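Printed here is entry-v5.cif (mmCIF, C-alpha atoms):
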```cif
data_coords
loop_
_atom_site.group_PDB
_atom_site.id
_atom_site.type_symbol
_atom_site.label_atom_id
_atom_site.label_comp_id
_atom_site.auth_asym_id
_atom_site.auth_seq_id
_atom_site.Cartn_x
_atom_site.Cartn_y
_atom_site.Cartn_z
ATOM 1 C CA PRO I 1 0.000 0.000 0.000
ATOM 2 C CA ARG I 2 0.784 3.670 -0.391
ATOM 3 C CA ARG I 3 -2.565 5.525 -0.082
ATOM 4 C CA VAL I 4 -3.923 5.595 3.492
ATOM 5 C CA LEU I 5 -7.225 6.565 5.105
ATOM 6 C CA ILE I 6 -6.912 7.356 8.805
ATOM 7 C CA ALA I 7 -9.863 7.500 11.201
ATOM 8 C CA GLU I 8 -9.136 8.801 14.676
ATOM 9 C CA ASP I 9 -11.035 11.201 16.926
ATOM 10 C CA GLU I 10 -8.044 12.321 19.001
ATOM 11 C CA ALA I 11 -6.234 15.089 17.128
ATOM 12 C CA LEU I 12 -2.798 14.316 18.569
ATOM 13 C CA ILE I 13 -2.881 10.595 17.725
ATOM 14 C CA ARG I 14 -4.247 11.436 14.277
ATOM 15 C CA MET I 15 -1.494 13.997 13.539
ATOM 16 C CA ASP I 16 1.222 11.725 14.920
ATOM 17 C CA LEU I 17 -0.048 8.764 12.875
ATOM 18 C CA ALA I 18 -0.104 10.908 9.740
ATOM 19 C CA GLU I 19 3.459 12.073 10.299
ATOM 20 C CA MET I 20 4.717 8.524 10.961
ATOM 21 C CA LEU I 21 3.146 7.345 7.726
ATOM 22 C CA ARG I 22 4.494 10.215 5.611
ATOM 23 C CA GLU I 23 7.999 9.627 6.975
ATOM 24 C CA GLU I 24 7.787 5.998 5.827
ATOM 25 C CA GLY I 25 6.594 6.847 2.315
ATOM 26 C CA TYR I 26 2.800 6.744 2.581
ATOM 27 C CA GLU I 27 0.391 9.339 1.247
ATOM 28 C CA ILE I 28 -2.542 10.340 3.439
ATOM 29 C CA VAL I 29 -5.552 10.501 1.114
ATOM 30 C CA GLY I 30 -8.296 10.771 3.720
ATOM 31 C CA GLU I 31 -8.818 11.650 7.360
ATOM 32 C CA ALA I 32 -11.974 10.890 9.327
ATOM 33 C CA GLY I 33 -12.941 11.685 12.912
ATOM 34 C CA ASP I 34 -15.642 9.030 13.192
ATOM 35 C CA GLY I 35 -16.662 5.568 12.016
ATOM 36 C CA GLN I 36 -19.525 6.632 9.772
ATOM 37 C CA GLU I 37 -17.294 8.900 7.681
ATOM 38 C CA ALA I 38 -14.563 6.223 7.654
ATOM 39 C CA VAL I 39 -16.936 3.722 6.053
ATOM 40 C CA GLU I 40 -18.271 6.254 3.552
ATOM 41 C CA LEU I 41 -14.812 7.427 2.442
ATOM 42 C CA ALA I 42 -13.400 3.915 2.166
ATOM 43 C CA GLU I 43 -16.309 2.651 0.065
ATOM 44 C CA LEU I 44 -16.356 5.741 -2.183
ATOM 45 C CA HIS I 45 -12.613 6.129 -2.770
ATOM 46 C CA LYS I 46 -11.056 2.708 -2.175
ATOM 47 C CA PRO I 47 -7.840 3.565 -0.292
ATOM 48 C CA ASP I 48 -4.896 1.133 -0.141
ATOM 49 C CA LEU I 49 -4.948 0.863 3.666
ATOM 50 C CA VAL I 50 -7.255 1.931 6.484
ATOM 51 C CA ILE I 51 -6.113 2.671 10.025
ATOM 52 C CA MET I 52 -8.911 3.291 12.502
ATOM 53 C CA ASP I 53 -9.464 3.610 16.224
ATOM 54 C CA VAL I 54 -11.479 0.875 17.915
ATOM 55 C CA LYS I 55 -13.497 3.521 19.748
ATOM 56 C CA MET I 56 -14.964 6.376 17.729
ATOM 57 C CA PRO I 57 -18.079 8.566 17.599
ATOM 58 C CA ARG I 58 -21.138 7.761 15.519
ATOM 59 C CA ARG I 59 -20.147 4.275 14.413
ATOM 60 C CA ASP I 60 -17.709 2.439 16.663
ATOM 61 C CA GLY I 61 -14.358 1.587 15.130
ATOM 62 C CA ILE I 62 -15.071 -2.130 15.355
ATOM 63 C CA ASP I 63 -18.426 -1.926 13.567
ATOM 64 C CA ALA I 64 -16.883 0.290 10.887
ATOM 65 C CA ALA I 65 -13.918 -2.058 10.568
ATOM 66 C CA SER I 66 -16.208 -5.072 10.176
ATOM 67 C CA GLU I 67 -18.197 -3.320 7.462
ATOM 68 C CA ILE I 68 -15.079 -2.324 5.519
ATOM 69 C CA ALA I 69 -13.586 -5.796 6.054
ATOM 70 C CA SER I 70 -16.746 -7.382 4.638
ATOM 71 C CA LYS I 71 -16.270 -5.479 1.362
ATOM 72 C CA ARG I 72 -12.733 -6.848 0.855
ATOM 73 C CA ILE I 73 -11.399 -3.509 -0.320
ATOM 74 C CA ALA I 74 -8.321 -2.843 1.867
ATOM 75 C CA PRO I 75 -6.189 -4.056 4.773
ATOM 76 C CA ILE I 76 -7.264 -2.579 8.119
ATOM 77 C CA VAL I 77 -5.296 -1.798 11.262
ATOM 78 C CA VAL I 78 -7.452 -1.132 14.330
ATOM 79 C CA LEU I 79 -5.891 0.942 17.110
ATOM 80 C CA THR I 80 -6.802 -0.260 20.609
ATOM 81 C CA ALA I 81 -5.862 0.036 24.266
ATOM 82 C CA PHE I 82 -4.293 -3.230 25.396
ATOM 83 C CA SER I 83 -7.390 -4.006 27.459
ATOM 84 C CA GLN I 84 -9.693 -3.695 24.404
ATOM 85 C CA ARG I 85 -7.761 -5.938 22.016
ATOM 86 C CA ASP I 86 -10.322 -8.769 22.274
ATOM 87 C CA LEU I 87 -12.893 -6.565 20.508
ATOM 88 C CA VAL I 88 -10.830 -6.854 17.340
ATOM 89 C CA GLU I 89 -10.103 -10.574 17.740
ATOM 90 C CA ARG I 90 -13.866 -11.155 17.866
ATOM 91 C CA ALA I 91 -14.431 -9.042 14.715
ATOM 92 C CA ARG I 92 -12.150 -10.970 12.350
ATOM 93 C CA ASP I 93 -14.982 -13.255 11.248
ATOM 94 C CA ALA I 94 -15.861 -10.279 9.016
ATOM 95 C CA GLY I 95 -12.522 -10.372 7.233
ATOM 96 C CA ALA I 96 -8.926 -9.240 7.304
ATOM 97 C CA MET I 97 -7.878 -6.904 10.117
ATOM 98 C CA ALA I 98 -5.142 -6.580 12.750
ATOM 99 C CA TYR I 99 -5.024 -4.681 16.023
ATOM 100 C CA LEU I 100 -2.295 -2.310 17.101
ATOM 101 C CA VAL I 101 -1.976 -1.480 20.774
ATOM 102 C CA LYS I 102 -1.729 2.186 21.776
ATOM 103 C CA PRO I 103 0.409 3.911 22.599
ATOM 104 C CA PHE I 104 2.547 3.007 19.577
ATOM 105 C CA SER I 105 5.615 4.180 17.669
ATOM 106 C CA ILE I 106 6.549 3.580 14.046
ATOM 107 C CA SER I 107 8.441 0.409 15.073
ATOM 108 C CA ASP I 108 5.107 -1.021 16.294
ATOM 109 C CA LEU I 109 3.039 0.364 13.427
ATOM 110 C CA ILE I 110 5.087 -1.128 10.592
ATOM 111 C CA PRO I 111 4.688 -4.764 11.763
ATOM 112 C CA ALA I 112 0.950 -4.149 12.318
ATOM 113 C CA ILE I 113 0.619 -2.952 8.709
ATOM 114 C CA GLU I 114 2.590 -5.992 7.513
ATOM 115 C CA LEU I 115 0.146 -8.218 9.406
ATOM 116 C CA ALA I 116 -2.987 -6.467 8.172
ATOM 117 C CA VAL I 117 -1.637 -6.659 4.597
ATOM 118 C CA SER I 118 -0.833 -10.388 4.920
ATOM 119 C CA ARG I 119 -4.352 -11.117 6.175
ATOM 120 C CA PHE I 120 -5.875 -9.049 3.357
ATOM 121 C CA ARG I 121 -3.818 -10.958 0.809
ATOM 122 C CA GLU I 122 -5.086 -14.201 2.349
ATOM 123 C CA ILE I 123 -8.758 -13.222 2.169
ATOM 124 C CA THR I 124 -8.271 -11.885 -1.356
ATOM 125 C CA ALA I 125 -6.578 -15.135 -2.421
ATOM 126 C CA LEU I 126 -9.335 -17.245 -0.848
ATOM 127 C CA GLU I 127 -12.056 -15.193 -2.536
ATOM 128 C CA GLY I 128 -10.362 -15.620 -5.910
ATOM 129 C CA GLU I 129 -8.930 -19.136 -5.823
ATOM 130 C CA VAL I 130 -11.646 -21.122 -4.014
ATOM 131 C CA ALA I 131 -14.731 -21.654 -6.169
ATOM 132 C CA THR I 132 -17.511 -21.783 -3.586
ATOM 133 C CA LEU I 133 -18.242 -20.214 -0.224
ATOM 134 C CA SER I 134 -18.736 -23.468 1.702
ATOM 135 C CA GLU I 135 -15.295 -24.618 0.501
ATOM 136 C CA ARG I 136 -13.853 -21.173 1.173
ATOM 137 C CA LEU I 137 -14.968 -21.056 4.826
ATOM 138 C CA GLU I 138 -13.219 -24.361 5.507
ATOM 139 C CA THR I 139 -10.183 -23.491 3.386
ATOM 140 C CA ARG I 140 -9.705 -20.362 5.521
ATOM 141 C CA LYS I 141 -9.740 -22.527 8.662
ATOM 142 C CA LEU I 142 -7.250 -24.961 7.091
ATOM 143 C CA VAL I 143 -4.853 -22.246 5.960
ATOM 144 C CA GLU I 144 -5.028 -20.732 9.445
ATOM 145 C CA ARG I 145 -4.093 -24.102 10.987
ATOM 146 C CA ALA I 146 -1.216 -24.514 8.557
ATOM 147 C CA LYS I 147 0.031 -20.981 9.295
ATOM 148 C CA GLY I 148 -0.123 -21.822 12.993
ATOM 149 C CA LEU I 149 2.054 -24.878 12.553
ATOM 150 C CA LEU I 150 4.617 -22.953 10.496
ATOM 151 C CA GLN I 151 4.729 -20.281 13.205
ATOM 152 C CA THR I 152 5.036 -22.626 16.167
ATOM 153 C CA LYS I 153 7.068 -25.471 14.668
ATOM 154 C CA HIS I 154 9.354 -23.463 12.329
ATOM 155 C CA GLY I 155 9.427 -20.169 14.199
ATOM 156 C CA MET I 156 7.967 -18.126 11.326
ATOM 157 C CA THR I 157 6.092 -14.851 11.805
ATOM 158 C CA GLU I 158 2.448 -14.882 10.759
ATOM 159 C CA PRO I 159 3.034 -12.911 7.521
ATOM 160 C CA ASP I 160 6.055 -15.051 6.629
ATOM 161 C CA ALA I 161 4.005 -18.219 7.225
ATOM 162 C CA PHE I 162 1.275 -17.138 4.826
ATOM 163 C CA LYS I 163 3.831 -15.897 2.299
ATOM 164 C CA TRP I 164 5.464 -19.341 2.474
ATOM 165 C CA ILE I 165 2.142 -21.015 1.659
ATOM 166 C CA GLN I 166 1.475 -18.707 -1.304
ATOM 167 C CA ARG I 167 4.984 -19.001 -2.687
ATOM 168 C CA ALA I 168 4.916 -22.779 -2.327
ATOM 169 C CA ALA I 169 1.571 -23.059 -4.103
ATOM 170 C CA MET I 170 2.713 -20.772 -6.926
ATOM 171 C CA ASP I 171 6.049 -22.434 -7.486
ATOM 172 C CA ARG I 172 4.674 -25.989 -7.153
ATOM 173 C CA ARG I 173 1.808 -25.042 -9.492
ATOM 174 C CA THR I 174 -0.933 -26.182 -7.138
ATOM 175 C CA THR I 175 -3.378 -24.601 -4.663
ATOM 176 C CA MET I 176 -3.163 -23.038 -1.203
ATOM 177 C CA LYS I 177 -5.502 -25.817 -0.103
ATOM 178 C CA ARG I 178 -3.139 -28.604 -1.174
ATOM 179 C CA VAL I 179 -0.063 -26.906 0.303
ATOM 180 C CA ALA I 180 -1.886 -26.323 3.591
ATOM 181 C CA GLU I 181 -3.147 -29.920 3.692
ATOM 182 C CA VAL I 182 0.425 -31.153 3.257
ATOM 183 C CA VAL I 183 1.681 -28.863 6.041
ATOM 184 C CA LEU I 184 -0.960 -30.333 8.353
ATOM 185 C CA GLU I 185 0.021 -33.874 7.372
ATOM 186 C CA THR I 186 3.689 -33.148 8.008
ATOM 187 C CA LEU I 187 3.752 -30.896 11.076
ATOM 188 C CA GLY I 188 0.386 -31.650 12.662
#
```
Mind converting the file's structure to structure tokens?
Amino acid sequence: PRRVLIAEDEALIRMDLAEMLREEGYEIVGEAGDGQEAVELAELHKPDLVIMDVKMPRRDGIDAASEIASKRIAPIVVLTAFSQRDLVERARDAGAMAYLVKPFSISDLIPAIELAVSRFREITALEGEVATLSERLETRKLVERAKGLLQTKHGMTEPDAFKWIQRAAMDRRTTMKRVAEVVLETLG
């Protein structure tokens, strides 16, 4: 991604987030102060990346994030106090998102973007490569299990684990499903 929508009601966090992003080569293409505007802007203008607070006026960050996630249009990072992180973990049934605990610096933000992007690539790949929804729902579960095994048994980060699956499937000229099934067979 390069083009970012930010949604944050606290002016200082918003300004600091914007500056962080600019310094690391992003362009800020939209700024919202509430969840309703965040949804409207994202759906109208299709940014590359959305970063939104979990708590926001009008439409809560989580509800907005779920809606945007459901449309499969962009990776989403949801900013949260440590104690509120479970709100995001619950919401991932809707699609690809990652939380980022506040307060945060760029060294925290960059890995959170990497994670949100990886998850978005996974949902995008599942939507495209798996024919039917009933298959897709179970293929998502399978790929998540295979990722887990690569993380725990081979020490990979979550994004590197999914990248491994995609690169294996591409190079071996097969599917994510088959690669994931073989990971389960081997490491499970």
So which one's closest to residue 165 in chain I, I:91, I:121, I:188, I:127? Using all atoms listed in the file, please.
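Checking each candidate against residue 165 in chain I, we get I:121 as the closest.
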Quick one: 8 Å padding each side, axis-aligned, all listed atoms of range 162-180 of chain I - centre and edge lengths in Å to one decimal, as AutoDock Vina command-line options?
```
--center_x 0.3 --center_y -22.3 --center_z -2.3 --size_x 27.6 --size_y 28.7 --size_z 30.3
```
Practice prompt. Specify as a list in words each residue included when the PyMOL selection byres ((chain I and resi 94) around 9) is applied to this file.
Written response: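 In the shown coordinates, the PyMOL selection byres ((chain I and resi 94) around 9) covers residues 65, 66, 67, 68, 69, 70, 91, 92, 93, 95, 96 and 97 of chain I.
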Problem set entry | Selection dump of the PyMOL selection byres ((chain I and resi 28) around 7), as an MDAnalysis selection string | chainID I and resid 3:5 18 26:27 29:30
message = To test your reading of the syntax: which residues would the PyMOL selection byres ((chain I and resi 161) around 12) return for the file shown? Reply as a ChimeraX atom specification.
response = /I:115,118-119,122,143-160,162-168,179-180,183
Using C-alpha atoms, can you write the selected residues to a file as a tab-separated table (two decimals), in the coordinates of the input?
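To be explicit, this is the file written out as selection.tsv:
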```tsv
chain	number	residue	atom	x	y	z
I	115	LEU	CA	0.15	-8.22	9.41
I	118	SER	CA	-0.83	-10.39	4.92
I	119	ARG	CA	-4.35	-11.12	6.18
I	122	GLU	CA	-5.09	-14.20	2.35
I	143	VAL	CA	-4.85	-22.25	5.96
I	144	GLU	CA	-5.03	-20.73	9.44
I	145	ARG	CA	-4.09	-24.10	10.99
I	146	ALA	CA	-1.22	-24.51	8.56
I	147	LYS	CA	0.03	-20.98	9.30
I	148	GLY	CA	-0.12	-21.82	12.99
I	149	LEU	CA	2.05	-24.88	12.55
I	150	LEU	CA	4.62	-22.95	10.50
I	151	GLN	CA	4.73	-20.28	13.20
I	152	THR	CA	5.04	-22.63	16.17
I	153	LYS	CA	7.07	-25.47	14.67
I	154	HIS	CA	9.35	-23.46	12.33
I	155	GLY	CA	9.43	-20.17	14.20
I	156	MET	CA	7.97	-18.13	11.33
I	157	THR	CA	6.09	-14.85	11.80
I	158	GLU	CA	2.45	-14.88	10.76
I	159	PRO	CA	3.03	-12.91	7.52
I	160	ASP	CA	6.06	-15.05	6.63
I	162	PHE	CA	1.27	-17.14	4.83
I	163	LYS	CA	3.83	-15.90	2.30
I	164	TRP	CA	5.46	-19.34	2.47
I	165	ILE	CA	2.14	-21.02	1.66
I	166	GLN	CA	1.48	-18.71	-1.30
I	167	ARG	CA	4.98	-19.00	-2.69
I	168	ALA	CA	4.92	-22.78	-2.33
I	179	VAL	CA	-0.06	-26.91	0.30
I	180	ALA	CA	-1.89	-26.32	3.59
I	183	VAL	CA	1.68	-28.86	6.04
```
For residue 11 in chain I, the closest of I:24, I:53, I:89, I:114 counting only C-alpha atoms is I:53
_Env of range 37-50 of chain I: 9 Å cut, atoms = all atoms listed in the file, seq-sep filter 5 positions within chain, self excluded. Answer as an MDAnalysis selection string._
chainID I and resid 1:7 29:32 58:59 61 64:65 67:68 71 73:78 113 116:117
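Between CA of residue 79 in chain I and CA of residue 62 in chain I lies a distance of 9.8 Å.
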CA of residue 125 in chain I to CA of residue 21 in chain I, distance in Å rounded to a single decimal: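 Computing it gives 26.5 Å between the two atoms.
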Any idea what the distance is between CA of residue 56 in chain I and CA of residue 88 in chain I?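 Going from CA of residue 56 in chain I over to CA of residue 88 in chain I covers 13.9 Å.
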(Q) Using only C-alpha atoms for the distances, tell me which of I:173, I:185, I:104, I:87 is nearest to residue 13 in chain I. (A)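 When distances to residue 13 in chain I are compared using only C-alpha atoms, the smallest one comes from I:104.
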In terms of only C-alpha atoms, the residue from I:106, I:133, I:81, I:98 at minimal distance from residue 120 in chain I is I:98
Practice prompt. Please provide the set of residues having any atom within 9 Å of residue 140 in chain I, restricted to all atoms listed in the file, with same-chain residues fewer than 6 positions apart removed, written as a PyMOL selection string.
Written response: chain I and resi 122-123+126+177
For range 25-43 of chain I, supply N, CA, C and O atoms and format the output as a PDB file, in the coordinates of the input.
```pdb
ATOM      1  N   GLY I  25       6.828   6.865   3.753  1.00  0.00           N
ATOM      2  CA  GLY I  25       6.594   6.847   2.315  1.00  0.00           C
ATOM      3  C   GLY I  25       5.136   6.700   1.894  1.00  0.00           C
ATOM      4  O   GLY I  25       4.833   6.520   0.702  1.00  0.00           O
ATOM      5  N   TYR I  26       4.231   6.796   2.858  1.00  0.00           N
ATOM      6  CA  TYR I  26       2.800   6.744   2.581  1.00  0.00           C
ATOM      7  C   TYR I  26       2.267   8.123   2.229  1.00  0.00           C
ATOM      8  O   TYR I  26       2.859   9.153   2.580  1.00  0.00           O
ATOM      9  N   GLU I  27       1.151   8.131   1.509  1.00  0.00           N
ATOM     10  CA  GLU I  27       0.391   9.339   1.247  1.00  0.00           C
ATOM     11  C   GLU I  27      -0.927   9.238   1.992  1.00  0.00           C
ATOM     12  O   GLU I  27      -1.618   8.228   1.896  1.00  0.00           O
ATOM     13  N   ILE I  28      -1.264  10.279   2.744  1.00  0.00           N
ATOM     14  CA  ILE I  28      -2.542  10.340   3.439  1.00  0.00           C
ATOM     15  C   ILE I  28      -3.605  10.925   2.513  1.00  0.00           C
ATOM     16  O   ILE I  28      -3.540  12.100   2.152  1.00  0.00           O
ATOM     17  N   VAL I  29      -4.564  10.098   2.111  1.00  0.00           N
ATOM     18  CA  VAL I  29      -5.552  10.501   1.114  1.00  0.00           C
ATOM     19  C   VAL I  29      -6.905  10.810   1.736  1.00  0.00           C
ATOM     20  O   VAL I  29      -7.769  11.410   1.087  1.00  0.00           O
ATOM     21  N   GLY I  30      -7.093  10.412   2.990  1.00  0.00           N
ATOM     22  CA  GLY I  30      -8.296  10.771   3.720  1.00  0.00           C
ATOM     23  C   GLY I  30      -8.097  10.760   5.220  1.00  0.00           C
ATOM     24  O   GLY I  30      -7.317   9.977   5.749  1.00  0.00           O
ATOM     25  N   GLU I  31      -8.815  11.640   5.906  1.00  0.00           N
ATOM     26  CA  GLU I  31      -8.818  11.650   7.360  1.00  0.00           C
ATOM     27  C   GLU I  31     -10.251  11.758   7.850  1.00  0.00           C
ATOM     28  O   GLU I  31     -10.987  12.648   7.435  1.00  0.00           O
ATOM     29  N   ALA I  32     -10.645  10.847   8.732  1.00  0.00           N
ATOM     30  CA  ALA I  32     -11.974  10.890   9.327  1.00  0.00           C
ATOM     31  C   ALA I  32     -11.872  10.993  10.851  1.00  0.00           C
ATOM     32  O   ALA I  32     -10.867  10.604  11.453  1.00  0.00           O
ATOM     33  N   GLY I  33     -12.896  11.569  11.468  1.00  0.00           N
ATOM     34  CA  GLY I  33     -12.941  11.685  12.912  1.00  0.00           C
ATOM     35  C   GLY I  33     -13.995  10.789  13.527  1.00  0.00           C
ATOM     36  O   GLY I  33     -14.196  10.808  14.743  1.00  0.00           O
ATOM     37  N   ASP I  34     -14.667   9.994  12.692  1.00  0.00           N
ATOM     38  CA  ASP I  34     -15.642   9.030  13.192  1.00  0.00           C
ATOM     39  C   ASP I  34     -15.866   7.855  12.230  1.00  0.00           C
ATOM     40  O   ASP I  34     -15.409   7.870  11.083  1.00  0.00           O
ATOM     41  N   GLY I  35     -16.577   6.838  12.711  1.00  0.00           N
ATOM     42  CA  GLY I  35     -16.662   5.568  12.016  1.00  0.00           C
ATOM     43  C   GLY I  35     -17.575   5.619  10.807  1.00  0.00           C
ATOM     44  O   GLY I  35     -17.370   4.879   9.835  1.00  0.00           O
ATOM     45  N   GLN I  36     -18.587   6.481  10.869  1.00  0.00           N
ATOM     46  CA  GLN I  36     -19.525   6.632   9.772  1.00  0.00           C
ATOM     47  C   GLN I  36     -18.823   7.229   8.558  1.00  0.00           C
ATOM     48  O   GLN I  36     -18.925   6.695   7.451  1.00  0.00           O
ATOM     49  N   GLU I  37     -18.085   8.317   8.765  1.00  0.00           N
ATOM     50  CA  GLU I  37     -17.294   8.900   7.681  1.00  0.00           C
ATOM     51  C   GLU I  37     -16.223   7.936   7.163  1.00  0.00           C
ATOM     52  O   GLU I  37     -15.959   7.895   5.964  1.00  0.00           O
ATOM     53  N   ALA I  38     -15.605   7.168   8.058  1.00  0.00           N
ATOM     54  CA  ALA I  38     -14.563   6.223   7.654  1.00  0.00           C
ATOM     55  C   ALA I  38     -15.122   5.217   6.654  1.00  0.00           C
ATOM     56  O   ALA I  38     -14.497   4.933   5.635  1.00  0.00           O
ATOM     57  N   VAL I  39     -16.301   4.682   6.944  1.00  0.00           N
ATOM     58  CA  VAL I  39     -16.936   3.722   6.053  1.00  0.00           C
ATOM     59  C   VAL I  39     -17.288   4.351   4.714  1.00  0.00           C
ATOM     60  O   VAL I  39     -17.025   3.771   3.663  1.00  0.00           O
ATOM     61  N   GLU I  40     -17.868   5.543   4.761  1.00  0.00           N
ATOM     62  CA  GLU I  40     -18.271   6.254   3.552  1.00  0.00           C
ATOM     63  C   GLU I  40     -17.077   6.550   2.651  1.00  0.00           C
ATOM     64  O   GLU I  40     -17.127   6.284   1.450  1.00  0.00           O
ATOM     65  N   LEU I  41     -16.001   7.090   3.223  1.00  0.00           N
ATOM     66  CA  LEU I  41     -14.812   7.427   2.442  1.00  0.00           C
ATOM     67  C   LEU I  41     -14.164   6.179   1.843  1.00  0.00           C
ATOM     68  O   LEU I  41     -13.793   6.152   0.667  1.00  0.00           O
ATOM     69  N   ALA I  42     -14.029   5.136   2.649  1.00  0.00           N
ATOM     70  CA  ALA I  42     -13.400   3.915   2.166  1.00  0.00           C
ATOM     71  C   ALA I  42     -14.171   3.321   0.992  1.00  0.00           C
ATOM     72  O   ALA I  42     -13.570   2.876   0.012  1.00  0.00           O
ATOM     73  N   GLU I  43     -15.497   3.289   1.093  1.00  0.00           N
ATOM     74  CA  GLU I  43     -16.309   2.651   0.065  1.00  0.00           C
ATOM     75  C   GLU I  43     -16.377   3.499  -1.201  1.00  0.00           C
ATOM     76  O   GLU I  43     -16.470   2.961  -2.301  1.00  0.00           O
TER      77      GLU I  43
END
```
